[PDB]
Structure formats: structure tokens, C-alpha cells
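**Student:** Structure, please.
(chains A and B)
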Amino acid sequence: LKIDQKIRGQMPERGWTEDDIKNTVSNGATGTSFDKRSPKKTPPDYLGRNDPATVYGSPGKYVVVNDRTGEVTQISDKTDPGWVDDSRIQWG
Amino acid sequence: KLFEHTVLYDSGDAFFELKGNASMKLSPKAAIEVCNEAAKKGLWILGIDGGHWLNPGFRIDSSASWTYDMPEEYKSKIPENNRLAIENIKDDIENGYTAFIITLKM
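**Tutor:** Residues are numbered from 1 along each chain as shown, chains lettered A, B, ... in the order given. Sure, structure below:
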């Protein structure tokens, strides 16, 4: 798994621990998604992404990982009981 | 949390007063205000997540996620970081996004 500075900074604010993420991913895939990001969304390299992604966890308590790069692209806010799951996520 | 997840904050000041880093839902206007305050405070903007406010409820759209890892010598690059962050929010507004969550290095 690759965790950038952004995700690392979000972790404590969204109720996630290093172990929380490792344990969630170890439990196995629970859904799929996609990582589409225009070049402008990824400075300073500006490479962008167009890759399949895998989801781990459950509604409101999940992590999305880029299948090619191994990058964590999204972690839900566990402190928000009303978090609405990303529309691209397909459970199952 | 010091703020409410059921509220779409419309003032950048709320972000700092209520410690909303990486979590508070911000209106487009508030998001821009937070970016300007960040520059004034000398803080690097690590990321901006865009989505839609469902009144209530926030639904993130991963395709709107903006990320900018902080370089070692970053102080001279804050103006660029700030410029790109604001430009990003403006572009998302053109694409119909109605809520943002900002992550600062602090």
C-alpha cells in the first residue's frame, strides 16, 4: 500500500489508524471502484490516473485502493455517521 | 468534532475556529476562503476533495480529488500551491460540484 501525505494527514481526522487500514485491507476486497483523475488533479507530475480500483471495508468505513499503483485514493470519514458512499463504488 | 457534519459551512473562519481540517464540509465560497487563509498563515494545502451536498449528506466523487504532496523546500512554492488549489476549486464549480473538504499540512 502507498499512502501519500494527504491521506496520512486525513487519517487521524477521519478516525483511522495505521492498523485500522492494514486490518481492513487484510480482511479482503468487498467491492470495486475506479480511479479516474485528470492530469490537473495530480500536480506537480500531472500524470493523472485511469485505473481499476478495489474497495475494502463497509459502508461509511472503507478504503479505496488503485489496483495498479497500490495508492490509497480515498478513506471514508468514520466520524461522520451520515457519510454517503462514493457513487462509483459497487459492493460485492 | 467541534463542528456538525450535518452543516455545510459557508465561512472559512469556521474551518479554523472549529478545527475542521480534512473533515468539515465547505461550500464553494468557504473553500476558497480557507485556501486564502492558508496562504496567509503559511500553510501548505495537501488536498481538496470535491463532492455533492445532498442537504444533508456529503457524497465524495473520487474523480474530483486534488492532491499536492509537499516538497522539502516548500515555502517558496506556497504561492503556486495556493494558486493551483483555487484554480482547482473553480474548475470543480464549473463541473457542478457543490461541497468540498480541505486537507492542510498543520
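**Student:** Any residue of the helix ranked longest in chain B touching chain A?
**Tutor:** Identified as the longest helix of chain B according to DSSP state H is helix B:78-94. Yes: contact of helix B:78-94 with chain A (CB under 8 Å from any CB of the partner chain) involves B:84, B:88, B:91. Every C-beta, even on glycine, is put in place using the N, C-alpha and C of the backbone.
**Student:** Can you give me the buried ones in that helix?
**Tutor:** For helix B:78-94, a neighbour-count test (16 or more other CB atoms under 10 Å in any protein chain shown) marks B:78, B:81-82, B:84-86, B:88-89, B:91-93 as buried.
**Student:** Tell me what angle the longest strand along chain B forms with helix B:78-94.
**Tutor:** Counting by DSSP state E, the longest strand found in chain B is strand B:45-53. Strand B:45-53 runs at 10 degrees relative to helix B:78-94, counting by axes from the mean of the first three to the mean of the last three CA atoms, to 10 degrees.
**Student:** same for the next helix or strand after strand B:45-53, what does it pack against?
**Tutor:** Downstream of strand B:45-53, the next assigned helix or strand under DSSP states H and E is strand B:58-60. The elements that strand B:58-60 packs onto, with contact taken as 3 or more CB pairs under 8 Å, 6 or more residues apart in numbering or on different chains; DSSP states H and E, are strand B:45-53, strand B:99-104.
**Student:** What residues does chain A have near chain B?
**Tutor:** When proximity is defined as CB under 8 Å from any CB, chain A approaches chain B at A:4-6, A:9-10, A:13-14, A:33-38, A:40-44, A:53, A:64, A:73-74, A:77, A:79-88.
**Student:** In ChimeraX, select just the buried ones from these.
**Tutor:** Buried subset of these, written as a ChimeraX selection, criterion 16+ other CB under 10 Å:
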select /A:4,5,6,9,10,13,14,33,34,35,37,41,42,43,53,64,73,74,77,80,83,84,85,86,88
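**Student:** Next step: the residues of chain A next to chain B restricted to strands.
**Tutor:** Those of those lying in strands (DSSP E): A:33-37, A:53, A:64, A:73-74.
**Student:** The nearest residue to residue B:92 once chain neighbours are set aside: neighbour count?
**Tutor:** With sequence-adjacent residues excluded and distances taken as CB to CB, 6 or more residues apart in numbering or on different chains, residue B:92 is closest to residue B:50, at 4.4 Å. When counting by other CB atoms under 10 Å in any protein chain shown, one arrives at 26 neighbours for residue B:50.
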